[PDB]
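K.L.:
Here it is, the structure in full.
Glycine also receives a Cβ, built like all others from the backbone with ideal geometry; neighbour counts cover every protein chain displayed. A short reminder: the numbers here are calculations on the coordinates, not readings from a lab.
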Amino acid sequence: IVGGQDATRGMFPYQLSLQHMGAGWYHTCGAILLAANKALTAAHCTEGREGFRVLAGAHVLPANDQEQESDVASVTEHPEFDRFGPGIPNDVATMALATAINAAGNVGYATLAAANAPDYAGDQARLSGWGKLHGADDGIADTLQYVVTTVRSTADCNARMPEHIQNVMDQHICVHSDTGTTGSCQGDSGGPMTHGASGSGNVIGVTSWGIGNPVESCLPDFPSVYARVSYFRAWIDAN
């Protein structure tokens with residue numbers, strides 16, 4: 001997260017760290033805890049890869065402070081996920097957890113936007129995750145970050161985009177500050193967009209993509225694009 005701050009423990013009880021197996025674990029994406037054995041993330045976090053675990057109730061990743069964790073038994077990416085198509089369509093995926101994650105301590109299940117939800121244009125919302133704090137940074141954040149921002153309409157999103165990347169769709173939900181100082185970054189993908197500025201809010205988006213340049217992989221000067229949960233609610237529940 002760019003332009004944000006440390007979260008407080010238990011602020012986002014459904015926030016997961018999705019970790020991929022290489023030379024040791026490494027945080028590759030955020031995820032969203034939906035139930036005891038079910039999680040939600042971005043499809044581009046899992047397509048073509050295997051060997052995952054999720055950390056629940058974590059705060060400082062280097063501290064190994066997760067309250068619970070589970071191996072990922074299987075992943076179901078959206079059948080129409082097009083990783084390299086304009087706008088990265090249908091960038092959602094569910095995950096079956098080998099170990100049950102209980103609603104206890106700083107861990108809880110997200111409430112998702114309903115299928116008939118409004119577009120939330122102009123509403124406040126929060127982005128969370130362990131993504132990089134700046135586009136030029138080498139590594140991700142150690143402590144869970146969050147930032148308050150503003151949901152924008154489809155046309156507003158594309159107007160704020162580079163003229164050659166006006167690929168925001170109604171199946172997306174984007175956020176952007178008029179100061180151009182806040183947004184998501186690599187490592188935040190797959191995490192939740194939480195409705196509202198404070199307190200409990202529905203998860204209304206899944207971190208998908210953003211804009212970079214030759215020196216910064218993420219830029220708050222342009223919107224951060226999420227997969228709209230209300231658009232994918234029926235599919236997520238069914239898969």
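K.L.:
Going by C-beta contacts inside 10 Å, put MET95, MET11 in order with the fewest on the left.
P.N.:
Final ranking by Cβ density, sparse to dense: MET11, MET95.
K.L.:
While we're on this one: Mind checking the dipole of the chain: about its Cα centre, +1 per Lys or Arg Cβ, -1 per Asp or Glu Cβ, Debye to the nearest 20?
P.N.:
360 debye
K.L.:
How much length is gained on full extension from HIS134 to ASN102, taking 0.36 nm per residue of separation minus their Cα-Cα distance?
P.N.:
8.2 nm
K.L.:
Something else now. Above 24 angstrom, tally the Cα pairs of segment 15-109 and express them as a % of all pairs, no decimals.
P.N.:
Value for segment 15-109: 19 percent of Cα pairs lie more than 24 Å apart.
K.L.:
Now a separate question. Show the residues, 5+ positions off or on another chain, whose built amide H is closer than 5 Å to the amide H of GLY183.
P.N.:
Here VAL2 satisfy the definition.
K.L.:
What nm value, rounded to one decimal, do you get for the distance between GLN166 and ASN37 when each label is placed 7 Å out toward the C-beta?
P.N.:
Output for this residue pair reads 4.8 nm.
K.L.:
Separation between the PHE84 and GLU50 pseudo-spin-labels, each 7 Å from Cα along Cα→Cβ, expressed in nm?
P.N.:
2.3 nm
K.L.:
According to a simple spin-label model (label point 7 Å from Cα along Cα-to-Cβ), what is the distance in nm between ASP119 and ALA73?
P.N.:
It works out to 4.0 nm between the two label points.
K.L.:
Now a separate question. Put +1 on the Cβ of each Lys and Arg and -1 on the Cβ of each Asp and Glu in the chain; which of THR8, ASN167, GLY51 then has its Cα farthest toward the positive end of the dipole?
P.N.:
Towards the positive end, the residue furthest out is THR8.
K.L.:
For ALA197 and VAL60, what is the calculated FRET efficiency with R₀ set at 30 Å and r taken between the beta-carbons, to the nearest 0.05?
P.N.:
0.80
K.L.:
Give the order of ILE1, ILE211 when sorted by the count of other beta carbons within 10 angstrom, beginning with the fewest.
P.N.:
Fewest to most other Cβ atoms nearby, the residues stand as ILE211, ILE1.
K.L.:
Still on this structure, I have one more. Between the alpha-carbon centers of segment 96-165 and segment 210-237, tell me the distance in whole angstrom.
P.N.:
8 Å
K.L.:
I need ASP156, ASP65 ordered by Cβ neighbour count within 10 Å, fewest first.
P.N.:
Lowest count first: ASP65, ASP156.
K.L.:
Relative to the present Cα-Cα distance, how much length would full extension add between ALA23 and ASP178 at 0.36 nm per residue of separation?
P.N.:
Gain in length upon complete extension: 51.7 nm.
K.L.:
Going 7 Å from the Cα of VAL215 in the Cα-to-Cβ direction, what parts of segment 126-159 have a backbone nitrogen less than 18 Å from that spot?
P.N.:
From segment 126-159, the list is 133-139.
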